[PDB]
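Novice: With the input below, show me the fold.
(chains A, B, C, D and E)
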Amino acid sequence: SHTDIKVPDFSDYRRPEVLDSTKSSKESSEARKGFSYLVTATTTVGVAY
Amino acid sequence: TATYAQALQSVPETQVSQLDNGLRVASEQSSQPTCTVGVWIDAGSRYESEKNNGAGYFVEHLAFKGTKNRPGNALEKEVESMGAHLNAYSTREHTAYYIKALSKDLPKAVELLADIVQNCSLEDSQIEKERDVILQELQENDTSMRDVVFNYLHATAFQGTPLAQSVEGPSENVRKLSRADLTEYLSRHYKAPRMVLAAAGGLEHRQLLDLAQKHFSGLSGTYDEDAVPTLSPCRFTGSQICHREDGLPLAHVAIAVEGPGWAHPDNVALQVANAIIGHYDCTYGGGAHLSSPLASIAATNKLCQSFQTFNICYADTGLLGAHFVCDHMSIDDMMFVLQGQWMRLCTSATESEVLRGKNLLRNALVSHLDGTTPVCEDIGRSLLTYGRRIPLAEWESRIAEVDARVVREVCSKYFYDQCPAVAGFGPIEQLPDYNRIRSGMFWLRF
Amino acid sequence: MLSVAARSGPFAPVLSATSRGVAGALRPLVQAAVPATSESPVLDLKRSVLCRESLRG
Amino acid sequence: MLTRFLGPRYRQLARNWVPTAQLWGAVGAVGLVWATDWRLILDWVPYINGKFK
Amino acid sequence: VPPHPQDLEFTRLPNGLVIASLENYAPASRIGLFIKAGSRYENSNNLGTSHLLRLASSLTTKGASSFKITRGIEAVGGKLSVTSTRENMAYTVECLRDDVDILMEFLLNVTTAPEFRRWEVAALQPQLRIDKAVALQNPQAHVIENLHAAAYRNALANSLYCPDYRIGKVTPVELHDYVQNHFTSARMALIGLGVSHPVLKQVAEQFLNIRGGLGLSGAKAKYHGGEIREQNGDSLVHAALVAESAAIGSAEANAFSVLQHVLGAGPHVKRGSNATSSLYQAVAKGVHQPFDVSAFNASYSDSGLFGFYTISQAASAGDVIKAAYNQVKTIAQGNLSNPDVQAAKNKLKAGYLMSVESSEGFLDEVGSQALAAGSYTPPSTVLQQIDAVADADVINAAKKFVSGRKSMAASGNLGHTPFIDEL
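Specialist: Numbers count the residues shown, from 1 in each chain, chains lettered A, B, ... in the order given. What follows is the structure:
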């Protein structure tokens, strides 16, 4: 009965590199963090400026 | 003085064979008067669809309630009367049926397994009787916080995949699953090349091979054209599932990162790391002096009632982390410390702790394979996973290869700056926010 | 056939350093999990079962 | 009495943090240099010759 | 094809100590020191002393501190446990082959050189409460404990767990006293697996020659009878009904063991109907749904308890106990077939063989055999001894139960649980 749970569908919030089951996500792990971290780096670089 | 090393070579080789069926027949002879035999099949909830999920679990119920040649309670009386024990279990990737029995009863033990595995009656009245038993086990299971929390952990970690599902299935499948759904799941899966007949004890390989040929020949006298028995990989998702229930006296929490899978050699180092961290329970003698910093800090500061590390392996994926139980005002401290230890190992592991972790694995490995049943289960499922047996000595060499570096690198790979899967049940208001948990997976000084 | 504990029945408590506090002699229960509704806590003011110091790779 | 921190484990600990401590100095040097416009140090970087001669 | 399977070697020293070893040629080593020091040796002034002791195996010793015992043992992956029974304590240690020495030395220190420092034992007291609460989470443990308290006037009546009033009260001197009056040479057995005889033998002669305690069975359990009832609104009623039966090692004990498998004692098939369990099947007849039943069998040095245990919904405890008791009356009255005794013989036999399959069940079997009987008795002769039980012996055992004064314990909503006189 706690087995009637099921996590709801997040398809419309997901980054495209994921979104597909069959595919592992480790493969887009570096890119997705890459992009989000680059954003902060750039920010702090700008704020540094 | 036989040395430990020497004794590892003294362990007799596991003998493997194959019928024309594709059925692998494997044994480890030992000269005990007793033995364990059974069949290992790779079938389990991960192979099921939304629609028939809980099918295998339903068969396991029916499995011992009557074949064609021994209907109703005839099985029971044959087993009970020889003094043997008949068990079964199902995980998400594996199913098993085995008999513990007097060694000279191997012939019937085997005769019995074939009958179970092949001629399962599935009498319509029985399935109905079982419908209510399973439902009942479900209510039963809902009260084990730990079982519920790992089920949640799988459900969020593998969120849109088959590995997300539990073994028993949802209540509605139990309600609607019909006989035809079962027979189709059986035909689809209980096929020779995915079954291993395993045994351990005072037997001899030829006898087991003969019996395998006598009672098992005739399973893949067919073998399918385009069927579709392939397993698709399962997406792991960095996510959190929080089942808040302030009516429960303690919180259950289970965190994990994505493991590599049964085949990956990285598993040896991961387990060594996991041994270092250990487990803990409030009935352990000596707390402040325990080697594991998590364990000792938890004991001194009462952060915990229990906790354990884990490495669940599935094909090409897995869950690697820890689960813990604690009071409502200690979840935050338990997480802080648990996470400090992963980080510490990732970047800072020392040599003597790795040695302790290594030895702990050696003792565990050997302590475990003690007696026919555990060895049988190991032969049976190893062939399912690795394809071979992997003798103690090979494990020993793998373990020996691990040193601090290996721990640091191997830990970094799976743990460092990685999105975890979080499952929580109970008085969990103080469970840290996901961003906060996520930030604990990397160190700003590193 | 001595070993009162395992001669099944009498009670035998175990304490550990590394493993876990056990109470495991004999009484019925197993066939109470069968005809069912044998709840159990999971992990109420407690400890933990199956315990550890066993594994593989 | 600082001999409490003298042993094999401490030496392995010291080692594992050398690269980190090294790289932190890298960050500190470049950062001090660039915030004061270290005439001396900078005049040697190919571009960043915004001081002509 | 495994190598030459060695024979166990056994030795009694003039001081009474017994050493038994088997070279397993196995990757790991297991070693135990079994002592006649269980609960039955406490008396009314020192109840619980042996529980606290069970819990103090890592306190400091002359020769090894608490910190060292813990780190030294865990640095090699080993373990140290203490298993208590009403008759005995068993200190067991395991580790790989190459580390037996340090584990041996830790073992010797804990069992022959504990210091019981006043502050370490004070810090330990609250573990008695946690340890007891965990065990008593199973209704079975309270029932079996009340069971023995009702069945006996002393000795075996003591519980495995410390009485609450004594928590915080057991003293360092009581622990020093219990060790020295009970951990002596003639009350001990040193069992080893994966170690050589001369090595164990040397250890015994070197480090286990102590005597200055008690020697007897310094009590002799006086079976008495009676009932203890704990009302508690658990959901099911747990109940156990018992009579005095046979002392371990008597041929009659073997009749009880077989009577136990005729009646039934544990399931053989996952989720099975338990067709060959005469007890179950007899309650199943007139009772519909949640319930368990099984024969209960406990034999000790100078006594024994045999009967049955029932779990049922509160309203049908009476039906369940009465149907079960009737089933035993039916076999006392002579209604027993040879094929049933024969089948019960096969579960006992198979079960015993199964229980010594692993090194830990073997170690315990050899250790308990060493204390109880002063010898090692191999599987073929145990089997042979079970074989000599006659149908008539099993009937006699059943008869002894039916006509003997009884003891009962029960917990739950008792509104419908019969007292003894109502049986």
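
Novice: Residue E:184: neighbour count?
Specialist: 24 (other CB atoms under 10 Å in any protein chain shown). For the C-beta atoms, the positions are set from N, CA and C on the backbone; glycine is no exception.

Novice: What about it? Give its phi and psi, please.
Specialist: phi -110, psi 160 (degrees, to the nearest 10).

Novice: That one and residue E:208 touch, don't they?
Specialist: No - at 9.1 Å, residue E:184 and residue E:208 do not qualify as touching, with contact defined as CB atoms under 8 Å.

Novice: Strands of chain C, residue ranges please.
Specialist: Listed from the start of the chain, chain C has strands (DSSP state E) covering C:13-16, C:22-23.

Novice: Give the phi and psi angles for the residue in the stretch 51-200 of chain B that chain E sits nearest to, as a check.
Specialist: When scored by CB to the nearest CB, the stretch 51-200 of chain B has residue B:83 as its residue closest to chain E, at 3.0 Å. Backbone dihedrals for residue B:83, given as degrees, to the nearest 10, come out at phi 90, psi 10.

Novice: surely it meets residue B:102?
Specialist: Yes - applying CB under 8 Å as the test, residue B:83 and residue B:102 come out as touching, 6.4 Å apart.

Novice: Those two: which has the busier surroundings?
Specialist: Taking residue B:83 and residue B:102 together and counting by other CB under 10 Å, residue B:83 has the greater number of neighbours (25 against 21).

Novice: tell me the centre residue of chain C?
Specialist: Nearest to the mean C-alpha position of chain C, counting by CA atoms, centre = their mean, stands residue C:24 at 4.6 Å.

Novice: In space, what's closest to it - neighbours in sequence excluded?
Specialist: Closest residue to residue C:24 in three dimensions, ignoring its sequence neighbours and counting by CB to CB, 6 or more residues apart in numbering or on different chains: residue C:12, at 6.2 Å.

Novice: Pull the number of nearby residues for the one you found.
Specialist: 23.

Novice: Angles on the backbone of it, please.
Specialist: When read as degrees, to the nearest 10, the backbone of residue C:12 gives phi -130, psi 100.

Novice: Please apply the same query to residue E:167.
Specialist: Backbone phi and psi, for residue E:167 under degrees, to the nearest 10, turn out to be phi -60, psi 130.

Novice: Contacts only, for it.
Specialist: Residue E:167 makes contact with E:48, E:125-126, E:128-129, E:132 under the criterion CB atoms under 8 Å, 6 or more residues apart in numbering or on different chains.

Novice: re earlier: report the contact partners of the residue of the stretch 51-200 of chain B closest to chain E.
Specialist: Contacts of residue B:83 were listed using CB under 8 Å, 6+ apart, and they are B:101-102, E:268, E:343, E:346-351.

Novice: The residues you listed, buried ones only, as a ChimeraX selection?
Specialist: In ChimeraX syntax, the buried subset of the contacts of residue B:83 is picked out as below (16 or more other CB atoms under 10 Å in any protein chain shown):
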select /B:101,102 /E:268,343,346,347,348,349,350,351
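
Novice: can you redo the contacts of residue B:83 as JSON lines with secondary structure?
Specialist: Putting the contacts of residue B:83 into JSON lines (DSSP: H, G, I helix; E, B strand; the rest coil) gives the following:
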{"residue": "B:101", "secondary structure": "strand"}
{"residue": "B:102", "secondary structure": "strand"}
{"residue": "E:268", "secondary structure": "coil"}
{"residue": "E:343", "secondary structure": "helix"}
{"residue": "E:346", "secondary structure": "helix"}
{"residue": "E:347", "secondary structure": "helix"}
{"residue": "E:348", "secondary structure": "helix"}
{"residue": "E:349", "secondary structure": "helix"}
{"residue": "E:350", "secondary structure": "helix"}
{"residue": "E:351", "secondary structure": "helix"}
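
Novice: restrict the contacts of residue B:83 to those near chain C?
Specialist: With respect to chain C, and counting by CB under 8 Å from any CB of the partner chain, the subset of the contacts of residue B:83 in contact is residue E:351.

Novice: which of the contacts of residue B:83 lies closest to residue B:171?
Specialist: Minimum separation from residue B:171 among those (CB to CB) is found for residue E:268, which lies at 30.0 Å.
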